[PDB]
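For reference, final_14.tsv is printed below; it contains TSV, C-alpha atoms and all ligand atoms.
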chain	number	residue	atom	x	y	z
A	8	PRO	CA	5.13	-10.91	-7.95
A	9	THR	CA	6.74	-8.23	-5.77
A	10	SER	CA	5.21	-7.10	-2.48
A	11	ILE	CA	5.28	-3.44	-1.41
A	12	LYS	CA	3.98	-2.23	1.96
A	13	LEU	CA	2.78	1.38	2.07
A	14	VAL	CA	1.72	2.98	5.37
A	15	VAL	CA	-0.20	6.30	5.62
A	16	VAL	CA	-0.12	8.50	8.71
A	17	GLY	CA	-1.20	12.03	9.56
A	18	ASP	CA	-3.72	14.02	11.55
A	19	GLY	CA	-7.37	13.00	11.72
A	20	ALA	CA	-9.41	14.16	8.73
A	21	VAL	CA	-6.46	15.26	6.61
A	22	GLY	CA	-7.82	12.79	4.04
A	23	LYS	CA	-5.71	9.64	4.33
A	24	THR	CA	-8.62	7.25	3.79
A	25	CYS	CA	-10.11	9.21	0.87
A	26	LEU	CA	-6.66	9.22	-0.69
A	27	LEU	CA	-6.40	5.40	-0.56
A	28	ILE	CA	-9.98	4.76	-1.68
A	29	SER	CA	-10.07	7.37	-4.45
A	30	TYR	CA	-6.88	5.96	-5.85
A	31	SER	CA	-7.75	2.28	-5.61
A	32	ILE	CA	-11.41	2.09	-6.67
A	33	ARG	CA	-12.06	5.48	-8.28
A	34	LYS	CA	-14.58	6.65	-5.68
A	35	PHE	CA	-14.59	9.59	-3.26
A	36	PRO	CA	-16.21	8.68	0.16
A	37	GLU	CA	-17.52	12.19	1.20
A	38	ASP	CA	-18.70	10.93	4.59
A	39	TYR	CA	-16.05	11.13	7.28
A	40	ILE	CA	-15.56	7.97	9.31
A	41	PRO	CA	-12.38	8.03	11.43
A	42	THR	CA	-10.16	5.04	10.75
A	43	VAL	CA	-9.16	2.60	13.46
A	44	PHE	CA	-7.38	0.06	11.33
A	45	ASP	CA	-7.77	-0.86	7.62
A	46	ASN	CA	-5.61	-2.92	5.26
A	47	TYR	CA	-6.03	-3.21	1.53
A	48	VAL	CA	-4.20	-4.80	-1.36
A	49	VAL	CA	-4.23	-3.79	-5.05
A	50	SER	CA	-2.49	-5.21	-8.14
A	51	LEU	CA	-0.33	-3.01	-10.40
A	52	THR	CA	2.14	-3.47	-13.15
A	53	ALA	CA	5.39	-1.50	-13.13
A	54	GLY	CA	6.82	-2.27	-16.53
A	55	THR	CA	6.34	-6.02	-16.89
A	56	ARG	CA	6.80	-6.63	-13.18
A	57	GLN	CA	3.64	-7.72	-11.34
A	58	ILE	CA	3.15	-5.81	-8.07
A	59	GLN	CA	1.07	-6.43	-4.96
A	60	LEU	CA	0.75	-3.04	-3.29
A	61	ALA	CA	-0.41	-3.33	0.32
A	62	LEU	CA	-2.07	-0.19	1.67
A	63	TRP	CA	-2.10	0.18	5.45
A	64	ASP	CA	-4.49	2.91	6.62
A	65	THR	CA	-3.97	4.23	10.13
A	66	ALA	CA	-5.82	6.34	12.68
A	67	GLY	CA	-5.04	10.05	12.91
A	68	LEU	CA	-6.92	10.43	16.17
A	69	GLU	CA	-4.72	10.36	19.25
A	70	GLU	CA	-7.02	7.81	20.96
A	71	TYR	CA	-5.28	5.14	18.88
A	72	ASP	CA	-1.72	6.35	19.58
A	73	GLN	CA	-0.72	3.15	21.37
A	74	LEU	CA	-2.28	0.88	18.69
A	75	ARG	CA	-0.90	2.75	15.70
A	76	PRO	CA	2.61	1.23	15.81
A	77	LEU	CA	1.10	-2.25	15.09
A	78	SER	CA	1.01	-1.09	11.44
A	79	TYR	CA	4.66	-0.16	11.24
A	80	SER	CA	6.52	-3.47	10.95
A	81	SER	CA	8.48	-4.18	7.81
A	82	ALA	CA	7.12	-1.16	5.95
A	83	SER	CA	8.36	-0.44	2.46
A	84	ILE	CA	7.36	3.24	2.49
A	85	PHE	CA	5.48	5.82	4.54
A	86	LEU	CA	3.15	8.57	3.31
A	87	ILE	CA	2.98	11.36	5.88
A	88	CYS	CA	-0.03	13.56	5.13
A	89	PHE	CA	-1.15	17.09	6.04
A	90	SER	CA	-3.96	19.19	4.55
A	91	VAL	CA	-2.80	22.31	2.65
A	92	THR	CA	-5.60	24.19	4.42
A	93	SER	CA	-4.63	22.98	7.87
A	94	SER	CA	-1.46	24.55	9.19
A	95	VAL	CA	-2.25	22.75	12.43
A	96	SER	CA	-1.83	19.43	10.54
A	97	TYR	CA	1.33	20.78	8.94
A	98	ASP	CA	2.82	21.56	12.35
A	99	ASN	CA	1.83	18.14	13.68
A	100	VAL	CA	3.92	16.59	10.95
A	101	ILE	CA	6.81	18.29	12.75
A	102	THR	CA	5.87	17.62	16.39
A	103	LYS	CA	4.29	14.14	16.07
A	104	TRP	CA	4.22	12.22	12.78
A	105	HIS	CA	7.80	12.52	11.57
A	106	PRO	CA	9.15	11.75	15.05
A	107	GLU	CA	6.76	8.80	15.38
A	108	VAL	CA	7.76	7.31	12.06
A	109	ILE	CA	11.55	7.54	12.47
A	110	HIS	CA	11.39	6.20	16.01
A	111	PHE	CA	10.02	2.92	14.63
A	112	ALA	CA	11.35	2.89	11.05
A	113	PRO	CA	14.24	5.39	10.79
A	114	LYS	CA	15.53	3.96	7.47
A	115	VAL	CA	12.21	3.73	5.58
A	116	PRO	CA	11.62	6.28	2.81
A	117	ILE	CA	8.98	8.94	3.55
A	118	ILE	CA	6.92	10.80	0.92
A	119	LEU	CA	5.26	13.97	2.18
A	120	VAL	CA	1.73	14.47	0.92
A	121	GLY	CA	-0.21	17.70	0.99
A	122	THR	CA	-3.88	16.73	0.76
A	123	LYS	CA	-7.04	18.55	-0.33
A	124	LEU	CA	-5.29	20.63	-3.00
A	125	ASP	CA	-8.70	21.71	-4.28
A	126	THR	CA	-9.39	23.61	-1.06
A	127	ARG	CA	-6.44	26.01	-1.30
A	128	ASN	CA	-8.16	28.27	-3.85
A	129	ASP	CA	-11.50	28.07	-2.09
A	130	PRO	CA	-12.12	31.70	-1.11
A	131	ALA	CA	-14.67	30.57	1.48
A	132	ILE	CA	-12.09	28.34	3.14
A	133	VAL	CA	-9.47	31.10	3.22
A	134	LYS	CA	-12.04	33.27	5.11
A	135	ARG	CA	-12.29	30.76	7.87
A	136	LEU	CA	-8.54	30.50	8.13
A	137	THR	CA	-7.99	34.29	8.11
A	138	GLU	CA	-10.59	35.17	10.76
A	139	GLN	CA	-8.93	32.58	13.00
A	140	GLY	CA	-5.30	33.53	12.58
A	141	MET	CA	-4.44	30.39	10.63
A	142	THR	CA	-2.87	30.22	7.14
A	143	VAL	CA	-2.94	28.29	3.87
A	144	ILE	CA	0.08	26.05	3.18
A	145	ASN	CA	1.62	27.14	-0.11
A	146	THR	CA	3.76	24.82	-2.22
A	147	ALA	CA	6.96	26.50	-1.03
A	148	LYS	CA	6.24	25.93	2.66
A	149	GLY	CA	5.39	22.37	1.68
A	150	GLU	CA	8.78	21.76	0.06
A	151	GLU	CA	10.31	23.31	3.14
A	152	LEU	CA	8.71	20.66	5.36
A	153	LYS	CA	9.89	17.98	2.93
A	154	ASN	CA	13.49	19.16	3.28
A	155	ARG	CA	13.20	19.54	7.03
A	156	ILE	CA	12.03	15.95	7.64
A	157	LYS	CA	14.28	14.56	4.86
A	158	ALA	CA	11.31	13.25	2.93
A	159	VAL	CA	12.24	11.92	-0.52
A	160	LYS	CA	9.43	13.73	-2.38
A	161	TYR	CA	6.59	16.19	-1.73
A	162	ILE	CA	3.39	15.82	-3.71
A	163	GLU	CA	0.20	17.91	-3.44
A	164	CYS	CA	-3.08	16.34	-4.49
A	165	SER	CA	-6.84	16.21	-4.33
A	166	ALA	CA	-8.76	13.02	-3.69
A	167	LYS	CA	-11.92	14.94	-4.53
A	168	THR	CA	-10.83	16.01	-8.03
A	169	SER	CA	-8.06	13.42	-8.53
A	170	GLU	CA	-5.54	16.15	-9.37
A	171	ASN	CA	-2.12	14.57	-8.83
A	172	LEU	CA	-3.68	11.65	-6.97
A	173	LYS	CA	-2.24	8.90	-9.16
A	174	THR	CA	1.12	10.63	-9.01
A	175	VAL	CA	1.37	10.05	-5.24
A	176	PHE	CA	1.25	6.26	-5.69
A	177	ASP	CA	3.28	6.05	-8.91
A	178	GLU	CA	6.07	7.90	-7.10
A	179	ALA	CA	5.83	5.69	-4.03
A	180	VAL	CA	5.99	2.54	-6.18
A	181	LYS	CA	8.99	4.07	-7.97
A	182	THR	CA	10.83	5.03	-4.75
A	183	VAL	CA	10.48	1.46	-3.42
A	184	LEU	CA	11.33	-0.37	-6.67
A	185	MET	CA	14.44	1.77	-7.27
B	4	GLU	CA	11.08	5.70	-16.31
B	5	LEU	CA	9.02	2.77	-15.12
B	6	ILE	CA	5.42	2.87	-16.29
B	7	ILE	CA	3.03	2.38	-13.40
B	8	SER	CA	-0.46	1.20	-14.22
B	9	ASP	CA	-3.61	2.14	-12.40
B	10	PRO	CA	-4.50	-0.37	-9.68
B	11	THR	CA	-6.69	-3.44	-10.20
B	12	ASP	CA	-7.92	-6.35	-8.04
B	13	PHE	CA	-8.83	-4.23	-5.03
B	14	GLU	CA	-9.27	-6.33	-1.87
B	15	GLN	CA	-9.77	-5.28	1.75
B	16	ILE	CA	-7.77	-7.66	3.92
B	17	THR	CA	-8.44	-6.51	7.44
B	18	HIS	CA	-10.91	-4.09	8.89
B	19	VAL	CA	-11.34	-2.76	12.43
B	20	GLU	CA	-13.98	-0.33	13.65
B	21	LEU	CA	-15.06	1.17	16.97
B	22	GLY	CA	-18.43	-0.07	18.13
B	23	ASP	CA	-20.37	0.92	21.25
B	24	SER	CA	-19.18	-2.36	22.76
B	25	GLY	CA	-15.46	-2.23	21.96
B	26	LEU	CA	-13.57	-2.91	18.72
B	27	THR	CA	-14.91	-5.31	16.10
B	28	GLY	CA	-13.61	-6.23	12.69
B	29	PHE	CA	-13.07	-8.65	9.87
B	30	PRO	CA	-11.87	-11.33	9.32
B	31	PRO	CA	-12.89	-12.88	12.69
B	32	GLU	CA	-9.21	-13.43	13.52
B	33	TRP	CA	-8.34	-9.77	12.98
B	34	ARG	CA	-6.73	-9.47	16.44
B	35	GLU	CA	-4.29	-12.27	15.60
B	36	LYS	CA	-3.58	-10.49	12.31
B	37	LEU	CA	-2.78	-7.17	14.04
B	38	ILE	CA	-0.45	-8.67	16.63
B	39	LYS	CA	1.22	-10.92	14.05
B	40	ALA	CA	1.62	-7.84	11.84
B	41	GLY	CA	3.33	-5.98	14.68
B	42	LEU	CA	5.87	-8.80	14.93
B	43	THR	CA	9.17	-8.63	13.00
C	201	LIG	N1	-12.23	19.03	-0.48
C	201	LIG	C1	-11.64	17.88	-0.21
C	201	LIG	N2	-12.03	17.17	0.90
C	201	LIG	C2	-11.43	16.00	1.18
C	201	LIG	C3	-10.42	15.49	0.37
C	201	LIG	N3	-10.03	14.30	0.90
C	201	LIG	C4	-10.75	14.07	2.02
C	201	LIG	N4	-11.62	15.12	2.21
C	201	LIG	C5	-12.62	15.27	3.26
C	201	LIG	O1	-12.01	15.33	4.53
C	201	LIG	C6	-12.68	14.44	5.42
C	201	LIG	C7	-11.62	13.49	5.99
C	201	LIG	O2	-11.35	12.49	5.03
C	201	LIG	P1	-10.64	11.09	5.42
C	201	LIG	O3	-9.99	10.47	4.21
C	201	LIG	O4	-11.67	10.13	6.00
C	201	LIG	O5	-9.66	11.56	6.59
C	201	LIG	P2	-8.58	10.63	7.33
C	201	LIG	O6	-7.22	11.27	7.18
C	201	LIG	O7	-8.63	9.25	6.69
C	201	LIG	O8	-9.09	10.64	8.86
C	201	LIG	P3	-8.83	9.54	10.02
C	201	LIG	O9	-9.10	8.12	9.56
C	201	LIG	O10	-9.73	9.91	11.16
C	201	LIG	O11	-7.43	9.68	10.55
C	201	LIG	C8	-13.72	13.65	4.64
C	201	LIG	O12	-15.02	14.10	4.88
C	201	LIG	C9	-13.43	13.98	3.21
C	201	LIG	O13	-14.65	14.08	2.51
C	201	LIG	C10	-10.02	16.21	-0.76
C	201	LIG	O14	-9.12	15.79	-1.51
C	201	LIG	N5	-10.65	17.40	-1.04
C	202	MG	MG	-9.26	7.61	7.73
C	203	MG	MG	0.03	10.49	22.08
C	204	MG	MG	13.90	1.10	9.62
Structure translated into structure tokens:
Amino acid sequence: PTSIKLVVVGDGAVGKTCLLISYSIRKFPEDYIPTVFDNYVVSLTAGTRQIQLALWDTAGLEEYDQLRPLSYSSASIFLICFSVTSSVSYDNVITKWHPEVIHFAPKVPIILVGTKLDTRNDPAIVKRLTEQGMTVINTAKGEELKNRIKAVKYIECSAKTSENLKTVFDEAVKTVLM
Amino acid sequence: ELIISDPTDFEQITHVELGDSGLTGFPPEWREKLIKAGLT
């Protein structure tokens, strides 16, 4: 059976952990507990080929900045995540996460993931963002980031509703196996 | 055109959390696992 190593990075609370857990065991955590380090494995089939998909969850908080690279060795693929309702997290993809990733694994494919899709049409959320001079990330500005950091794909999803959730991992498995 | 199944056989290999008295985690040799993981 083939081994694939997936590593997720991105700002705190963008939803990296909920993404991994919602996908792997069909449950949405709800409580927020910041990750320090967590490693999981699931079994998949891609055609007839048996697959061990290793999921390496990392800490978004900057307290763990010097520990985070322990997760980066021999990666098959990176997911870099930002929340579509956090332009701050979008910018940090540019100033921090993309630079961090390529510094350690410049040749490893990156998929850009916009998280919390379900929040973009939440009128109450848009209020918050407007009264504070922040903005929603629309799909176009998402594809723009993808092109800017030379990410292979850009996928928007919701761990809460599961909209496009499975797609994120199918595409990652495909990018690696191709 | 590969058909990717949903995942099965979920297992959590390593876990680290921040306690009031430093980091703890499982399995007991988690620190060895982290450092070995960082090695290439
Ligand atoms: N509405 C909505 N909320 C979400 C979604 N995914 C995560 N959240 C919420 O956002 C908070 C952060 O989720 P996490 O998955 O723990 O965030 P993280 O990126 O893993 O954070 P760190 O481990 O600290 O880096 C949690 O309370 C979730 O309930 C989503 O798809 N939709
Ligand atoms: Mg987390
Ligand atoms: Mg730092
Ligand atoms: Mg590399």
Using all atoms listed in the file, what are the residues with an atom within 6 Å of ligand MG 202 (chain C), set out as a ChimeraX atom specification?
/A:23-24,41-42
Find the residues in chain A near chain B: any atom within 9 Å counts, using all atoms listed in the file. Write them as a PyMOL selection string.
chain A and resi 30-32+41-55+60+76-81+173+176-178+180-181
What does the list of residues within 8 Å of ligand MG 203 (chain C) look like if you count all atoms listed in the file, written as a compact mmCIF listing (two decimals) with C-alpha atoms, in the frame of the given file?
# COMPACT_ATOMS: atom_id res chain seq x y z
CA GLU A 69 -4.72 10.36 19.25
CA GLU A 70 -7.02 7.81 20.96
CA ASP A 72 -1.72 6.35 19.58
CA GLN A 73 -0.72 3.15 21.37
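Across the model, the gap from atom CA of residue 65 of chain A to atom CA of residue 21 of chain A is 11.8 Å.
For ligand MG 204 (chain C), the neighbouring protein, DNA and RNA residues, which are those within 9 Å when all atoms listed in the file are counted, are residues 80, 81, 82, 109, 110, 111, 112, 113, 114, 115 and 116 of chain A.
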Written record: segment 10-38 of chain B, N, CA, C and O atoms, as a compact mmCIF listing (two decimals), in the first residue's frame:
# COMPACT_ATOMS: atom_id res chain seq x y z
N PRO B 10 -12.54 7.95 3.49
CA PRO B 10 -11.57 7.32 4.39
C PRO B 10 -12.18 6.30 5.35
O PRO B 10 -13.38 6.36 5.67
N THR B 11 -11.38 5.29 5.68
CA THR B 11 -11.71 4.31 6.71
C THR B 11 -10.47 4.07 7.61
O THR B 11 -9.38 4.61 7.35
N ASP B 12 -10.66 3.33 8.70
CA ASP B 12 -9.56 2.90 9.55
C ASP B 12 -8.84 4.09 10.16
O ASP B 12 -7.61 4.13 10.20
N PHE B 13 -9.61 5.07 10.63
CA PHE B 13 -9.03 6.23 11.30
C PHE B 13 -8.22 5.83 12.54
O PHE B 13 -8.72 5.10 13.39
N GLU B 14 -6.98 6.32 12.62
CA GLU B 14 -6.15 6.10 13.80
C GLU B 14 -5.33 7.34 14.11
O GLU B 14 -4.74 7.95 13.22
N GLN B 15 -5.30 7.75 15.38
CA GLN B 15 -4.47 8.88 15.79
C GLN B 15 -3.13 8.38 16.31
O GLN B 15 -3.07 7.77 17.38
N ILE B 16 -2.07 8.69 15.58
CA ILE B 16 -0.74 8.15 15.84
C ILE B 16 -0.01 8.84 16.97
O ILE B 16 0.58 8.20 17.84
N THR B 17 -0.03 10.16 16.93
CA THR B 17 0.72 10.94 17.90
C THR B 17 -0.16 12.09 18.32
O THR B 17 -0.94 12.63 17.52
N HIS B 18 -0.06 12.47 19.58
CA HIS B 18 -0.82 13.59 20.06
C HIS B 18 0.01 14.36 21.07
O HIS B 18 0.68 13.76 21.91
N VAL B 19 0.00 15.68 20.95
CA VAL B 19 0.71 16.55 21.88
C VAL B 19 -0.24 17.67 22.29
O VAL B 19 -0.96 18.23 21.46
N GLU B 20 -0.27 17.97 23.58
CA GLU B 20 -1.10 19.07 24.06
C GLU B 20 -0.37 19.88 25.10
O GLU B 20 0.58 19.40 25.71
N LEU B 21 -0.81 21.12 25.30
CA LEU B 21 -0.17 22.02 26.26
C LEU B 21 -0.82 21.97 27.63
O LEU B 21 -1.93 22.47 27.81
N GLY B 22 -0.12 21.41 28.61
CA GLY B 22 -0.69 21.36 29.94
C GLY B 22 -0.16 22.53 30.73
O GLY B 22 0.63 23.33 30.22
N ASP B 23 -0.59 22.63 31.99
CA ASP B 23 -0.13 23.71 32.87
C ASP B 23 1.30 23.46 33.32
O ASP B 23 1.97 24.36 33.84
N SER B 24 1.77 22.23 33.11
CA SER B 24 3.11 21.83 33.49
C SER B 24 3.91 21.33 32.29
O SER B 24 4.54 20.28 32.35
N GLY B 25 3.86 22.08 31.19
CA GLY B 25 4.60 21.77 29.98
C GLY B 25 3.80 20.94 28.99
O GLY B 25 2.59 20.75 29.16
N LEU B 26 4.47 20.43 27.95
CA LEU B 26 3.80 19.60 26.95
C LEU B 26 3.67 18.16 27.41
O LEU B 26 4.62 17.61 27.95
N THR B 27 2.52 17.54 27.16
CA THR B 27 2.40 16.09 27.33
C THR B 27 1.80 15.53 26.06
O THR B 27 1.26 16.27 25.22
N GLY B 28 1.83 14.21 25.92
CA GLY B 28 1.24 13.60 24.75
C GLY B 28 1.27 12.10 24.72
O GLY B 28 1.85 11.46 25.59
N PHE B 29 0.67 11.52 23.69
CA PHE B 29 0.77 10.10 23.48
C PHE B 29 1.26 9.78 22.08
O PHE B 29 1.06 10.57 21.17
N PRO B 30 1.95 8.64 21.90
CA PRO B 30 2.34 7.62 22.89
C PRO B 30 3.42 8.20 23.83
O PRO B 30 3.89 9.33 23.59
N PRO B 31 3.81 7.45 24.89
CA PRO B 31 4.79 8.03 25.83
C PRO B 31 6.09 8.47 25.18
O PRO B 31 6.77 9.36 25.71
N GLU B 32 6.45 7.88 24.04
CA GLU B 32 7.68 8.26 23.37
C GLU B 32 7.45 9.31 22.28
O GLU B 32 8.22 9.40 21.31
N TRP B 33 6.43 10.13 22.47
CA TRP B 33 6.08 11.13 21.45
C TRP B 33 7.26 12.05 21.10
O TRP B 33 7.47 12.35 19.93
N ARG B 34 8.06 12.44 22.08
CA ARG B 34 9.19 13.32 21.81
C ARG B 34 10.18 12.70 20.83
O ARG B 34 10.64 13.36 19.90
N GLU B 35 10.46 11.41 21.01
CA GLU B 35 11.32 10.69 20.08
C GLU B 35 10.69 10.66 18.69
O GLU B 35 11.38 10.81 17.69
N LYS B 36 9.36 10.52 18.65
CA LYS B 36 8.65 10.49 17.37
C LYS B 36 8.71 11.83 16.62
O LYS B 36 8.84 11.85 15.41
N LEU B 37 8.60 12.93 17.35
CA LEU B 37 8.71 14.27 16.76
C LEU B 37 10.09 14.52 16.17
O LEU B 37 10.23 14.93 15.02
N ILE B 38 11.12 14.29 16.98
CA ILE B 38 12.48 14.54 16.54
C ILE B 38 12.85 13.60 15.39
O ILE B 38 13.39 14.05 14.38
